[PDB]
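Following: one structure in structure tokens, then a few remarks.
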Amino acid sequence: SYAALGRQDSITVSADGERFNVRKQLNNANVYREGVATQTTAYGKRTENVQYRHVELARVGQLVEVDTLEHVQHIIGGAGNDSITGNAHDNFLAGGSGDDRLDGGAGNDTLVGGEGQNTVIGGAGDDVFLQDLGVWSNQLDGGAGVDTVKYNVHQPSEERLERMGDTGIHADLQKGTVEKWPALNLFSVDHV
Amino acid sequence: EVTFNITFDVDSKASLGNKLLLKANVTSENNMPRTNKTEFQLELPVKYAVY
Ligand SMILES: *[C@@H]1O[C@H](CO[C@@H]2O[C@@H](C)[C@@H](O)[C@@H](O)[C@@H]2O)[C@@H](O[C@@H]2O[C@H](CO)[C@@H](O)[C@H](O)[C@H]2NC(C)=O)[C@H](O)[C@H]1NC(C)=O
Ligand SMILES: *[C@@H]1O[C@H](CO)[C@@H](O)[C@H](O)[C@H]1NC(C)=O
Ligand SMILES: [Ca+2]
Ligand SMILES: [Ca+2]
Ligand SMILES: [Ca+2]
Ligand SMILES: [Ca+2]
Ligand SMILES: [Ca+2]
């Protein structure tokens, strides 16, 4: 879970078979680092000094790190704009908040785009898309095989009931659009 | 030949998408086969007022 990453950060996950290479780009990251403090004492005459370790917080600007993952099937991105890619197994790819790109690759994968304007590619196999009746627009591609998009996972919120009432979605697979706020805004549409 | 204007009222909370279509065809008692002259439809862009 990379959910501790902020909005300004990002990850880029690439598959090398069964192994994953994760490139993390953290902008103005905050990191603990250990140095050497120095406390001094005078004892009535010429001074004797000491030192000791000291953990502390600092922001070190731009950081790039390359993590490595093995035997990992599920990844959760941070609050930024992540690019996450899976492999031939069954993966749980979640993007969280931000304009994330999720690609599952082969196999039966489950794909959760989260908030933001997400683009999601399923690949081959039978894939599952989970949606949340949000205000953003999403781009969804299923690929080969029989695929499913589900809108019933989340309970509707209070402001949704206040602004919309008891109306849900207007979905049409010939047009390829799913309108999550019909007749209230025309740009909260998922394209499938 | 007859020429005339037909007036319509557009609701202020209308939902017509971005593209509205009108369809009209003529008919008579003689009941003769339909022809391209009998049918006509034309398409008009739509915009929504925002303040
Ligand atoms: C401005 O909007 C047009 C139209 O968007 C469509 O109609 C709206 C009412 C809303 O329902 C949108 O979700 C619709 O997509 C955009 O033009 C369309 O662009 C898409 C690709 O982006 C294309 O597939 C459509 O054919 C286009 N349709 C028309 C009529 O042009 C246009 O791109 C938007 N402008 C900007 C700058 O985003
Ligand atoms: C006119 O168009 C309507 C469209 O619904 C159709 O039902 C009707 O049969 C048409 N009539 C003629 C005379 O073309
Ligand atoms: Ca994210
Ligand atoms: Ca996969
Ligand atoms: Ca997201
Ligand atoms: Ca897949
Ligand atoms: Ca698929």
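What you see below is based on every heavy atom in this structure, not just the backbone, and it leaves out hydrogens, waters and symmetry mates. Sequence lines set the chain letters: A, B, ... in the order given, protein chains first and strands last, and positions in each chain run from 1. In listed order, ligands and their atoms are each counted from 1.
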Is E65(A) atom CD crowded by more than 12 heavy atoms from other residues, nucleotides or ligands, each under 6.0 Å away?
no
Check this for me: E162(A), atom CD, are more than 12 non-hydrogen atoms of other residues, nucleotides or ligands nearer than 6.0 Å?
no
Working to the nearest 0.5 Å, report the span between OG1 of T41(A) and CG of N49(A).
7.0 Å
Among all protein heavy atoms in this structure, tell me which lies nearest to atom 13 (O) of ligand 1, with the distance rounded to 0.1 Å.
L186(A) O, 3.5 Å
Can you confirm whether more than 12 heavy atoms, excluding those of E39(B), are under 6.0 Å from its CD atom?
yes
Looking from the Ca ion (ligand 6), what is the angle between O on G107(A) and O on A124(A), to the nearest 10°?
70°
If you take the nearest heavy atom of each of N25(B), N31(B), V26(B), which one is closest to atom 11 (N) of ligand 2?
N25(B)
Any protein heavy atom lying closer than 4.0 Å to atom 30 (C) of ligand 1?
no
Measure across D103(A) and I121(A) and return the closest heavy-atom pair with its distance rounded to 0.1 Å.
OD1-O, 3.0 Å
Atom 13 (C) of ligand 2: which protein heavy atom is closest, and how many Å away?
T27(B) OG1, 3.3 Å
Would you confirm whether any non-hydrogen atom of the protein falls under 4.0 Å from atom 22 (O) of ligand 1?
no
Which heavy atom of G80(A) sits nearest a heavy atom of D100(A), and at what distance?
O-OD1, 2.9 Å
Does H191(A), backbone or side chain, put an N or O under 3.5 Å from an N or O of ligand 1?
no
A106(A) backbone or side-chain N/O/S under 3.0 Å from the Ca ion (ligand 6)
no
Using a 4.5 Å cut-off on heavy atoms from C-beta on, say whether the side chain of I75(A) contacts that of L93(A).
yes
Check this for me: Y52(A), atom OH, are more than 12 non-hydrogen atoms of other residues, nucleotides or ligands nearer than 6.0 Å?
yes
Is there a donor-acceptor contact under 3.5 Å linking the side chains of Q25(A) and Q62(A)?
yes
Under 4.0 Å and counting heavy atoms only, is there anything from the protein next to atom 16 (C) of ligand 1?
no
Taking both backbone and side-chain atoms of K23(B), is any N or O found less than 3.5 Å from an N or O belonging to ligand 2?
no
Can an N, O or S atom be found in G122(A) less than 3.0 Å away from the Ca ion (ligand 6)?
yes
d(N108(A) CG, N91(A) CG) to nearest 0.5 Å is 10.5 Å
Report yes if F187(A) has an N/O atom closer than 3.5 Å to an N/O atom of ligand 1; otherwise report no.
no
So, applying side-chain contact (heavy atoms from CB on, under 4.5 Å) with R23(A), which one of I11(A), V64(A), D67(A) is it?
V64(A)
Do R34(B) and ligand 2 have an N or O pair less than 3.5 Å apart?
yes
For atom 10 (C) of ligand 1, decide whether some protein heavy-atom distance is shorter than 4.0 Å.
yes
Are any of the protein's heavy atoms under 4.0 angstrom from atom 2 (O) of ligand 2, yes or no?
yes
Please indicate, with yes or no, if any protein heavy atom is found under 4.0 Å from atom 19 (O) of ligand 1?
no
Tell me the protein heavy atom at minimum distance from atom 4 (C) of ligand 1, and give that distance in Å.
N18(B) ND2, 4.8 Å
Of all the N, O or S atoms in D109(A), the one nearest to the Ca ion (ligand 6) is OD2
N, O or S atom within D127(A) nearest to the Ca ion (ligand 6), by name
OD1
Is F20(A) linked to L111(A) within one hydrophobic cluster, defined over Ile, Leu, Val, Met, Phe, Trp and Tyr using a side-chain heavy-atom separation of less than 4.5 Å?
yes
Looking at atom 7 (O) of ligand 1, is any protein heavy atom nearer than 4.0 Å to it?
yes
May I ask you to check whether over 12 heavy atoms, not counting those of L173(A), lie within 6.0 Å of atom CG?
no
Hey, is atom 5 (O) of ligand 2 touched by any protein heavy atom at less than 4.0 Å?
no
